[PDB]
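Chains as they are written, first to last, in PDB author numbering: chain D, 101 to 199; chain C, 1 to 99. Built from N, CA and C at the ideal position, the CB exists for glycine as well.
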Ligand SMILES: CCCC[C@H](NC(=O)[C@H](C)NC(=O)[C@H](CCC(=O)O)NC(=O)[C@H](Cc1ccccc1)NC[C@H](CC(C)C)NC(=O)[C@@H](NC(=O)[C@@H](N)CCCNC(N)=[NH2+])C(C)C)C(N)=O
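Here's what the structure looks like:
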C-alpha cells in the first residue's frame with residue numbers, strides 16, 4: 101500500500117513463526133531485529149548506526165513476512181532500539197520512496 | 001520522483017546556503033545534518049539510535065530544499081555519520097513509502 105509519514109511507518113512482521121512490530125527504514129542498509137530465538141545458523145558481526153557500533157548475530161536466508169509480503173534474506177538479531185526492516189528486504193517487497 | 005532502494009536513497013539538499021547530499025530516512029523521526037556553522041538560536045539536545053546517543057544542536061524554522069522541494073522545520077546539527085532527512089521534513093515534501 102501507500103504509507104504516509106506523519107507517524108512511524110510501523111508494520112506487523114512474522115519471523116520464526118512469531119509476530120512482531122517493525123519499522124520500515126529506508127535509512128537502514130540491513131534488517132535488525134531485537135534479541136530472540138531464531139531457527140538457523142548465525143555468525144557474529146558488528147553494525148553501525150547513528151550513535152555508534154553494536155554486536156549482532158547475522159542469520160542468512162531467513163523467511164520473513166512484512167505486512168503480508170514475503171521476503172527471504174539476511175536478518176541481524178541484536179540489542180537494537182526497535183525492530184527495523186532495512187533495504188535488503190524492502191527491495192524484496194518492492195518498496196520505493198515517492199514524492 | 002520515485003526512488004528505488006537498491007542503493008541508499010541519497011538526494012541533494014540545500015541548507016544554510018550550502019548544497020549537501022542527504023539520506024531520505026523513513027526510520028528517522030527527525031532531521032540531522034553534519035556539523036555546520038548555521039546561524040541563529042539553538043537548544044542542546046540528545047538523539048539516539050543504533051549504537052547510542054549523540055549531542056546535537058536543535059534549530060527551529062530552518063529552511064531546507066530537498067531534491068528541489070522546499071520545506072521549513074526543525075533541523076538538528078551534530079556529529080552524525082550521514083546527513084539524514086527524517087519524517088518531520090519528509091512529510092512536508094509529501095514523501096510516501098509504496099509497495
Ligand atoms: C527532536 C527530539 C529528538 C529526541 C530523540 N529522538 C530520537 O533519538 C529518535 C527516536 N531517533 C531516530 O529516529 C533515529 C534517527 C535520529 C533522529 O531522528 O533523532 N533513527 C535511527 O537511528 C534508526 C533506527 C531507530 C529508529 C527509531 C528509534 C531508534 C532507532 N536508524 C537509522 C540509521 C541511519 C544511518 C544512515 C545512520 N540506520 C542504521 O543505523 C542502520 N545502519 C546502517 O545502515 C549502517 N550499515 C550504516 C553504515 C555504518 N556507518 C558508517 N559507514 N559510517 C542499522 C539500523 C542497520 C530522543 N528520543 O532522544
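Problem set entry | Spatially closest choice to residue 49(C) from 182(D), 141(D), 137(D), by CA coordinates | 182(D)
Exercise. Is there a Cβ from chain C that is less than 7 Å from the Cβ of residue 142(D)?
Worked result: no
For this session: Starting from the beta carbon of residue 95(C), find every residue of chain D whose beta carbon is closer than 9 Å, and list them in chain order.
Result: What residue 95(C) touches in chain D: 104, 105, 197, 198, 199.
Exercise. Of all the CB atoms in chain C, is at least one closer than 7 Å to the CB of residue 125(D)?
Worked result: yes
Problem set entry | Proximity winner among 116(D), 176(D), 128(D), 115(D), relative to residue 10(C) (alpha-carbon distances) | 128(D)
Exercise. From residue 117(D) to residue 139(D), what does the alpha carbon distance come to, in whole angstroms?
Worked result: Rounded to whole angstroms, residue 117(D) to residue 139(D) spans 10 Å at the Cα level.
Exercise. Relative to chain C, which residues along the segment 144-169 of chain D have a C-beta separation below 7 Å, given in chain order?
Worked result: 147, 148, 149, 150, 151, 152, 153, 154, 169
Problem set entry | Any 3 or more C-beta pairs closer than 8 Å across the segment 73-90 of chain C and the segment 18-37 of chain C | yes
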